[PDB]
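Below is one structure, written out as C-alpha cells; comments come after it.
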Amino acid sequence: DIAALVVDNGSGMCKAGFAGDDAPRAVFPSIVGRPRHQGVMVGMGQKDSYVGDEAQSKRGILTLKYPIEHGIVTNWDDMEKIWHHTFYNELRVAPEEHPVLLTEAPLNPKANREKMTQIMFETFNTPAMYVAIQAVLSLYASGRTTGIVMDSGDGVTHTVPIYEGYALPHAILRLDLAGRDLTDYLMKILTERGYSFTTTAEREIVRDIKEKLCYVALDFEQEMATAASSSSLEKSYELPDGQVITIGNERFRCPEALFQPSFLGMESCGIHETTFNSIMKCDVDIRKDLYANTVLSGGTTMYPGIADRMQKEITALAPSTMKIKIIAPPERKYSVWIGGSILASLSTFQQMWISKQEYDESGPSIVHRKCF
Amino acid sequence: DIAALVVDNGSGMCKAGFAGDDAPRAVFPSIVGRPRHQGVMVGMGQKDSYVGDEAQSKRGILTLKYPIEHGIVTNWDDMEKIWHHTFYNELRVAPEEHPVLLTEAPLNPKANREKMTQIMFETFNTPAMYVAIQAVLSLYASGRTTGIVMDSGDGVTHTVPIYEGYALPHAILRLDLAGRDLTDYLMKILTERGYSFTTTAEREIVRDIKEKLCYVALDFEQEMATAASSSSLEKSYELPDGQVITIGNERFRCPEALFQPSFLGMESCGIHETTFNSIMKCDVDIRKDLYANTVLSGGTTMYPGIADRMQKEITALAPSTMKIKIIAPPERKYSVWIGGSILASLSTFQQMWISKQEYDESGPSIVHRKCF
Amino acid sequence: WXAXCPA
Amino acid sequence: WXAXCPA
Amino acid sequence: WXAXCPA
Amino acid sequence: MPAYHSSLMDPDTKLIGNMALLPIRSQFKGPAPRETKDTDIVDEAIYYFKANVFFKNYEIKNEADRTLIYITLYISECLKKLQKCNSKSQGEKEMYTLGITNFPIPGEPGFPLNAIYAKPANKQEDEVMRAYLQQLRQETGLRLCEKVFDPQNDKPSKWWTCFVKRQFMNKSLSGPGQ
Ligand SMILES: Nc1ncnc2c1ncn2[C@@H]1O[C@H](COP(=O)(O)OP(=O)(O)O)[C@@H](O)[C@H]1O
Ligand SMILES: Nc1ncnc2c1ncn2[C@@H]1O[C@H](COP(=O)(O)OP(=O)(O)O)[C@@H](O)[C@H]1O
Ligand SMILES: [Mg+2]
Ligand SMILES: [Mg+2]
C-alpha cells in the first residue's frame with residue numbers, strides 16, 4: 001500500500017489530508033492576502049502574500065482574493081501559492097513522493113483540469129495524480145452505489161445521478177449558485193436594516209453571520225408573516241470590534257435564494273427543482289430508486305432545516321406514491337473529501353493513476369483519456 | 001562602527017544624542033534669545049545672541065523667540081543657529097562624521113522637509129540623513145509592533161495608528177492644540193487672580209508654574225464644585241524674585257482645555273475624541289488591538305491623571321465590550337528620542353539612509369521618496 | 001450607518 | 001468563464 | 001502656516 | 001566520479017567549531033582574516049556551484065569542504081530572492097538585507113546538517129561563528145549580484161535563475177521547501 005494525499009481544494013475552503021483517515025488533516029479558507037498599506041516598522045519581518053488562516057487573521061490590512069471562482073481557477077499564481085502552502089506548511093510533506101487525488105466539479109472547461117495537471121506535474125513533480133468528480137466521491141462517502149448526489153459547495157452546485165455504478169452523464173445538472181452568491185445577497189439585504197459591509201475584509205464577517213445565524217424556513221410565506229408580526233426571530237451578533245447587530249427577517253431570506261433564484265435576478269430554477277429535473281431526465285425504471293437515495297453534501301447544505309425543506313419540496317413534485325428520502329448525514333460538509341480517502345485507499349485505484357512517466361510523453365492532454 | 005546622531009528637534013525643547021544610548025545627551029529649550037538693550041560696560045563680553053540654556057539663564061535682558069511653532073519651522077536663521085549649537089557646543093562632534101535622524105510631525109508643509117534636508121546636506125555636509133515621524137518612533141520605543149500612538153508635544157498633537165507595522169496614513173489625525181496654547185491659556189486665566197504676565201521672559205515662569213502645579217481632573221465639574229466649596233486645592237508658587245502666588249482653581253482648568261478646546265475658542269474636538277475618531281477611521285478588524293494598545297507620549301502628556309481621564313473618556317465612547325488600556329511609560333517625555341536610537345541602531349536600517357550621492361543626483365526632493 | 005461606515 | 005458569467 | 005493659522 | 005571539493009585547506013588554517021575559518025577578500029566586518037591571493041573560498045564556491053548542484057553524493061573530506069557546503073547552500077537562497085528583482089541596484093539591496101537576516105547555525109533547529117556539523121562549545125565560539133557566517137553571507141551575496149545580472153538588459157539572466165529548483169543534495173538553509 002501507498003499513502004496518497006487527498007486534496008479536495010474546492011472553491012471556498014481547501015481541505016487536504018491523507019488517504020485512509022476519516023477527516024481532512026488541514027482545512028483552511030482558500031484566500032490570498034496582499035498588504036494595501038506602506039510598511040513603516042522595519043526589522044519586524046514582512047511578507048508580500050499571506051495564505052490561508054494567516055491571511056484570515058490579518059484580514060484588517062489585506063485584500064483577500066479568492067483564486068477559485070464558481071469552481072474555476074481564475075488566477076493560477078495564487079492557486080500555486082495555495083497548493084504550496086497546503087503541501088509544505090499544512091501537511092508538511094514532500095509532494096514529490098506521494099500521489100495526489102484532486103477534485104473538479106462536472107461540466108467545467110477542459111483547460112482547467114489541463115492546467116491543473118500541468119501544474120501538479122511540472123511544479124511539484126508529483127509522481128502520479130488523478131482528477132475525480134466531486135459528487136462521485138460524495139457518493140463513495142455515503143457507502144452506496146445508487147442515488148443522486150446533490151453537492152452544493154461554496155461556488156458551484158451540481159447534481160449527479162448514478163445507478164448501480166453506471167453514472168448517467170446526460171442528466172448531470174450544474175448550477176452556478178452557492179455560498180458566495182448567498183453571502184453577496186446577504187451583504188445586499190443587510191443594508192435595508194442599516195448595516196453596510198462593503199470591503200472584502202468584511203465579507204468574511206458576513207459569511208460568519210450567515211453560517212452562524214441563517215437557516216432555511218420550511219414554509220417561506222408563513223415564516224415571513226411570523227417574523228414580520230413579532231420580534232421572536234431576531235438574533236444578535238457581535239462584530240469583532242464590540243458592535244452588536246440584530247437581524248430578523250434576513251435570517252431565512254439569505255438561504256431562501258437557493259430555492260428561488262429570482263431574488264438574485266437569475267432565471268434558473270431552484271435547487272429542489274434542479275434535483276427533480278435531473279431525476280426526471282433519467283430513464284423511467286430507475287427513478288424510484290433515485291427518489292429514495294437523494295444525498296446532500298457541501299457546506300452550503302448545512303443550513304438548519306434544509307433536509308426537511310428539500311423533502312417537502314420534492315414530495316410536491318413527485319408522484320404521490322414515491323417515497324422521498326433525503327439522506328443528509330451530519331458530516332455532509334467533509335463528504336466530498338471523505339469519499340476521496342475511500343477511493344485513493346482502494347487496491348485497483350493504483351491502476352488508475354496518471355504516472356509522471358505517462359505525462360512526460362503525452363503532455364497535459366492525457367487527463368482527458370485517463371480521467372472522466 | 002561609527003555612532004549616528006539622533007536629534008529629536010521638537011518645537012519647545014530640542015533633544016539630541018547618539019544612536020544606541022538609552023537617554024538623550026543634550027536636552028535644552030529650543031529658544032533663541034537676543035538682547036533688547038545696549039551694553040554700557042566694556043570687557044564683560046557682548047554677544048549677538050544666546051541659544052538654549054544660556055538664553056534661559058539670561059532671560060531677563062533678552063527677548064526670546066521660538067524658531068519652531070506648531071511643529072513648523074518659521075524662522076530658518078534661528079533654526080540653523082539651534083542646529084549649530086547642537087552639533088558644536090552641546091554634542092561636541094562634527095556633523096561630517098555621523099548620519100542624522102531628524103524627526104518631524106505628520107501632515108507638515110513638504111517645504112519644511114525639503115529645507116531641512118537641504119540645510120543638513122549643504123550647510124553641515126553630513127554623510128547621510130533620515131526624517132522620521134515622531135509617533136512611529138514612539139511606537140518603536142514602546143517595544144510594540146501594533147497600537148495607536150497619541151503624541152502631544154509643545155507645539156503640535158497627532159494620533160497615528162499602526163497595525164502589524166502597516167501604518168494607515170488615511171486615519172492619521174493632527175490637532176494643533178498643544179502645550180504652548182495651554183501656556184497662553186494659563187497666562188490668560190491667571191488674570192482673574194490678578195497676576196499679570198505679559199513679557200516673553202515671564203512666559204517661561206508661567207510654563208514652569210504649569211508643569212509643576214497643573215493636573216488633569218478626573219471629573220471636571222466635580223473638581224470645579226470642590227474648589228468652589230473649599231480652599232484645599234490651592235498651591236503656592238515662589239516667583240524667582242521673591243514673591244508668592246496662590247492658585248487653586250486654574251490648576252486643572254488649564255489642562256482641561258485639551259479635552260474641551262472651546263475654552264480656547266477652537267471648534268475641534270478634544271484629544272480623547274480625536275483618538276476615538278482616529279480609531280474609528282481604521283478597519284473594523286483592527287479596532288480591538290488599537291483599543292488595547294493605546295500609547296501616550298510627548299511632554300504634554302505628563303500631567304497627573306491624564307491617563308485615567310483619557311481611559312474614562314474613551315471607555316465612555318467605545319462599546320462596553322471592548323477593553324481599553326492607556327500605556328503610559330514614565331519616560332514618555334523622551335520616548336520619541338528613544339525610538340530614534342532604536343531606529344538608527346538597527347542593522348536592517350543602513351539601506352534607508354539618504355546618501356549624499358542620492359541627494360546630489362536627485363535634489364532635495366528625494367526626501368519625499370526615501371522617507372515615509 | 002449603524003454598523004460599518006458612520007451614517 | 002470566458003463567455004457568459006465571469007470566471 | 002501660510003494660509004490658515006500663523007506658522 | 002566525485003563532486004568538486006575545495007582545495008584551500010592548509011595545516012595552519014584555524015577552525016571555528018569544525019569549519020575552516022578561511023580568509024576572505026571582502027569589505028564587510030567579520031572575524032575572518034583578509035586575503036591577498038586572487039581566490040578566496042567564496043569565489044571558489046561560486047565557481048563550483050553550477051556543477052555541484054547536479055551531483056547527489058558529497059563526501060565531507062575536511063573543514064574547508066564544510067565551509068564550501070555552507071556557501072553552496074546559501075547561493076541557492078540568494079538565487080531565490082534575486083529571481084524576483086528587476087534591477088541590479090535592487091538586487092544589491094536585497095542581498096544586503098538577506099545577509100543581515102540571521103540564518104540558523106550548527107546545533108540549532110532548522111539547520112539542515114546538525115549531524116555533520118560540530119556546534120559551538122561555549123558562548124565566545126558561538127559569537128565568532130555567527131559573525132563569520134554573517135560575513136560569508138554578505139560577501140557571497142555581493143559577489144553573486146554581479147554574476148546573476150547581465151548588463152545587456154540589467155535583469156536576472158535565465159542562465160542563473162534556472163538553478164532555483166536545483167538544491168545542493170536537496171538541503172537548504174531555509175525551511176523544507178518553503
Ligand atoms: N454549518 C453551516 N451552517 C450554515 N452555513 C454553512 C455551514 N457551514 C458552511 N456554511 C456556508 O456554506 C458556504 C460554502 O460551503 P463550503 O463547504 O465552504 O463549500 P466547499 O465545500 O466548496 O468549500 C460557506 O461560505 C459557509 O459560510
Ligand atoms: N511635567 C509636565 N507637565 C506638564 N507639561 C509638561 C511637563 N513637562 C513638560 N511639559 C510640556 O511639554 C511641552 C514640550 O515637551 P516635548 O515633548 O519636548 O515637546 P516638543 O517635542 O514639541 O519639544 C512643553 O510645552 C512643556 O510645557
Ligand atoms: Mg464541495
Ligand atoms: Mg515632540
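The chain as shown is numbered from 1 upward.
Going by what the header records, the deposited coordinates were determined by electron microscopy, 3.3 Å.
Just so it is clear, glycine is given a Cβ too, placed from its N, Cα and C backbone atoms.
The Cβ of B:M41 (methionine (R)-sulfoxide) has no same-chain neighbour under 8 Å that is 6 or more residues away in sequence. Positions annotated as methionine (R)-sulfoxide by Swiss-Prot: B:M41 (among others).
The 10 Å shell around the Cβ of B:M44 (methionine (R)-sulfoxide) contains 7 further Cβ atoms across the protein chains shown. Marked as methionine (R)-sulfoxide by Swiss-Prot on the basis of similarity to another entry: B:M44 (among others).
Annotation source Swiss-Prot lists tele-methylhistidine at B:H70. In three-state terms derived from DSSP, B:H70 (tele-methylhistidine) belongs to neither a helical nor a strand segment and is classed as coil. The 10 Å shell around the Cβ of B:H70 (tele-methylhistidine) contains 23 further Cβ atoms across the protein chains shown.
Under DSSP, B:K81 (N6-methyllysine) is assigned to a helix (H, G or I) in the three-state scheme. Packing around B:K81 (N6-methyllysine) is summarised by its Cβ count: 18 other Cβ atoms lie within 10 angstroms of its Cβ, all protein chains included. The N6-methyllysine annotation in Swiss-Prot covers B:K81.
Annotated pair B:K81 (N6-methyllysine) and B:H70 (tele-methylhistidine), C-alpha to C-alpha distance, rounded: 19 Å.
Listed modified residues (B:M41, B:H70, B:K81) with a CB under 8 Å from any chain E CB: B:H70.
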